[PDB]
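Undergrad: Dumping the structure here so I can ask a few things about it.
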RNA sequence: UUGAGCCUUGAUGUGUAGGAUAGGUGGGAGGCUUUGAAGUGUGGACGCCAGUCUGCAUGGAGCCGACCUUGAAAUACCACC
RNA sequence: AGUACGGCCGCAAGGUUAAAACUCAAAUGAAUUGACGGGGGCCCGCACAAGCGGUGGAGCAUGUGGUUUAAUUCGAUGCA
Ligand SMILES: [Mg+2]
Ligand SMILES: [Mg+2]
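Residue numbers (the working numbering), protein chains in the order written: chain Y, 15 to 79; chain R, 745 to 895; chain H, 4 to 81; chain Z, 53 to 168.
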């Protein structure tokens, strides 16, 4: 959020502040989702994520580069 | 187009002046395959401009060209079902081509005398930042400035 | 004429098939209709410019001279 | 006049507009400019350029005050919430620091329904 | 905190020609400044942009009239203006 | 047709229990091959884009439709 420049920067990077959500939470609290769309959304969110790990787990792949 | 990178045709140098720059101009002014007519008009018009400018033959052509060749242009570049023209830069090769086409089109307008004079007038006005061609380059330059938001 | 009749005349001039030469001192009225500028200058030179007032000013800016002060505002009294 | 030395530049970046206000440190507005009212009314006022112009238009009309340093406060999700500090810096100002004062509720008022 | 008026104190008056921003008649002679300058450095204001008025600093005794070829004369006071 | 009628429950909205006449030769589940999507990915080509030149306006030529005719012989009817 706040950033101090010290003597020489010319380069103020608080756009590097993505550790704070800001954009991701402004884009989300800007609309009423549902009581249960987020429940469905998060279930979809990591039903896909676990599968991606169930693919990364299979690292013994064929097909000769 | 879709698949390849097409080749070039390398053009042939202008007879009277050993520059292929004027040869492409003759080709643009060409209509109906009548190249002898096209070169005859260009030679006569560029000669009667030499009496109106002072520069010999080719400098007085480039200083006209450099005035009407644009730098940026707007093209339809929709993304999300859009209807706005994104201003984009013009490659150096197209800059000469767009300049010649604008000069010839303006010369086919402004009907005053035979084609010899109409061409001769337009290059003289281009050489002094005044003609319809140099006005057209300003119209596209002004249409790109109005659209400078989109990049 | 007032602004209303001025606007009516400007519209009528725009919806004209023929051609017209209008002498005026109203820059705005001349700009809203003129397609060719015929402007007088000193030493009896009448510069002719094909285009409207926007592109006339743009041409002057393209080939301009460095100053901006016309008047002196001399006086009346004494 | 009043020769204020250290000012505060407030960037109100919305999805549809950008509003720039340079105040003093106590919140008294000196001048303001908007992307929409800076000749971009339409679909071009929601662009990072239109916010950059509004910052030039707002750096102008506060030159009467001789402001040297600027504490920048950004607020809102918007295209011009970054293309505005660059214009403020390019207008001779010395950006003292930058702060993102964007109101995030701690799960408070219910937002509107989404548009289908 | 203001608005209006009045009295004072300042500040101010680019035509052309003229040495250079010349308000009006003055009415008179030289005063001015040395109660520290004709200036240089500096800060603001006016600016018909030529420029003259200004708060300062060591240095502090020289700036204009008078001379006239301009319709007029030289901030060289207090004036009622 | 979880409808009507009758009970019971409810302030109501209605809930629950719960048919028949009549009518059809099916309705249905999963999966398959296609086709299609204002689904996604990749690729193409005068498909667009970049150009040049046309047609649609005018005269005439020619073919067609229609309409006329004693007959306007028959056939070809989106692209094809
Ligand atoms: Mg029931
Ligand atoms: Mg019942």
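Beta carbons are placed, not taken as given, at the ideal position from N, Cα and C, and that holds for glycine.
1) Assign residue 829/R to one of three DSSP states: helix, strand, or coil.
2) With a threshold of 7 angstroms on Cβ separation, who are the neighbours of residue 848/R within its own chain once the five nearest residues in sequence on each side are excluded?
3) Taking all protein chains shown into account, decide if residue 882/R is buried (16 or more other Cβ within 10 angstroms of its Cβ) or exposed.
4) Give me, in chain order, the residues of the same chain whose beta-carbon lies closer than 8 angstroms to that of residue 861/R; leave out the 5 immediate sequence neighbours on both sides.
5) For residue 843/R, collect the residues of the same chain with a Cβ closer than 7 angstroms to its Cβ; drop the 5 residues on either side in sequence, then sort them by chain order.
6) Measuring CB atoms only, is the stretch 134-153 of chain Z touching the stretch 100-113 of chain Z, in the sense that at least three cross pairs come out at less than 8 angstroms?
7) Quick check on residue 57/H: buried or exposed, where buried means 16 or more other Cβ atoms within 10 Å of its Cβ?
8) For the stretch 9-43 of chain H, list the alpha helix (DSSP H) runs that are entirely contained and at least 4 residues long, ordered along the chain.
9) Taking residue 119/Z as the reference, which of 85/Z, 148/Z, 87/Z has the closest Cα?
10) Are the C-beta atoms of residue 924/R and some chain H residue less than 7 angstroms apart?
11) Would you call the CB atoms of residue 836/R and residue 818/R closer than 7 angstroms?
12) Could you run through the stretch 65-76 of chain H and flag, in chain order, every residue whose CB is less than 7 angstroms away from some CB of chain R?
13) Mind checking if residue 888/R is an interface residue toward chain Z, Cβ cutoff 7 angstroms exclusive?
14) Closer than 9 angstroms, Cβ to Cβ, to anything on chain H: give me those residues from the stretch 858-882 of chain R, in chain order.
15) Using C-beta distances below 6 angstroms, list every residue in its chain close to residue 127/Z, excluding the 5 sequence neighbours before and after it, in chain order.
16) State the DSSP-derived secondary structure class of residue 6/H, mapped to helix, strand or coil.
17) Pick helix, strand or coil for residue 73/Z, following the three-state DSSP scheme.
18) Can at least three beta-carbon pairs, one atom from the stretch 88-105 of chain Z and one from the stretch 886-895 of chain R, be found at a separation below 8 angstroms?
19) With 16 other CB atoms within 10 Å as the buried threshold, where does residue 86/Z fall?
20) What residue from 770/R, 869/R, 828/R, 777/R has the CA that sits closest to residue 804/R's CA?
21) In angstroms with no decimal places, state the Cα-to-Cα distance between residue 8/H and residue 29/H.
22) Take residue 761/R and list the residues in its own chain whose beta-carbon comes closer than 7 angstroms to its own, dropping the five residues that flank it on each side.
23) Residue 39/Y versus chain Z: which residues are under 8 angstroms apart at the beta carbon?
24) Just the C-alpha distance for residue 62/H and residue 753/R, rounded to the nearest angstrom, thanks.
25) Taking beta-carbon pairs under 8 angstroms, can you tell me which members of the stretch 79-99 of chain Z lie near chain R?
26) What's the C-alpha gap between residue 132/Z and residue 770/R?
27) Starting from the N-terminal side, write out each stretch of the alpha helix (DSSP H) that is 4 residues or longer and does not extend beyond the stretch 803-827 of chain R.
28) From 32/H, 43/H, 81/H, pick the residue whose C-alpha is nearest to that of residue 6/H; which is it?
29) What three-state label does DSSP hand residue 121/Z in the structure shown?
30) In terms of residues, what are the limits of the alpha helix (DSSP H) holding residue 785/R?
31) Would residue 74/Z and residue 61/Z be called neighbours here (beta carbons separated by less than 7 angstroms)?
32) Can you tell me whether residue 96/Z is buried or exposed? The criterion is at least 16 other CB atoms within 10 Å of its CB, across all chains shown.
33) Would you say residue 166/Z lies against chain Y (beta-carbon separation less than 7 angstroms)?
34) Using a Cβ cut-off of 7 angstroms (strictly closer), state whether residue 69/Z contacts chain Y.
35) Just the chain Z side, please: which residues come within less than 8 angstroms of residue 19/Y by C-beta, in chain order?
36) May I ask you to list the residues that DSSP assigns as paired with residue 761/R?
TA: Taking the coordinates as given:
1) strand
2) 772, 773
3) buried
4) 789, 792
5) 809, 812, 813
6) yes
7) exposed
8) 30-36
9) 148/Z
10) Nothing in the structure corresponds to residue 924/R, since chain R is present only between 745 and 895.
11) no
12) 65, 66
13) no
14) 869, 872, 873, 874, 875, 876, 878, 879, 882
15) 64, 153, 154
16) helix
17) strand
18) yes
19) buried
20) 869/R
21) 14 angstroms
22) 801, 802
23) 156
24) 38 angstroms
25) 92, 95, 96, 99
26) 49 angstroms
27) 803-812
28) 32/H
29) strand
30) 779-797
31) yes
32) buried
33) yes
34) no
35) 147, 148, 149
36) Answer is none; residue 761/R lacks a bridge partner.
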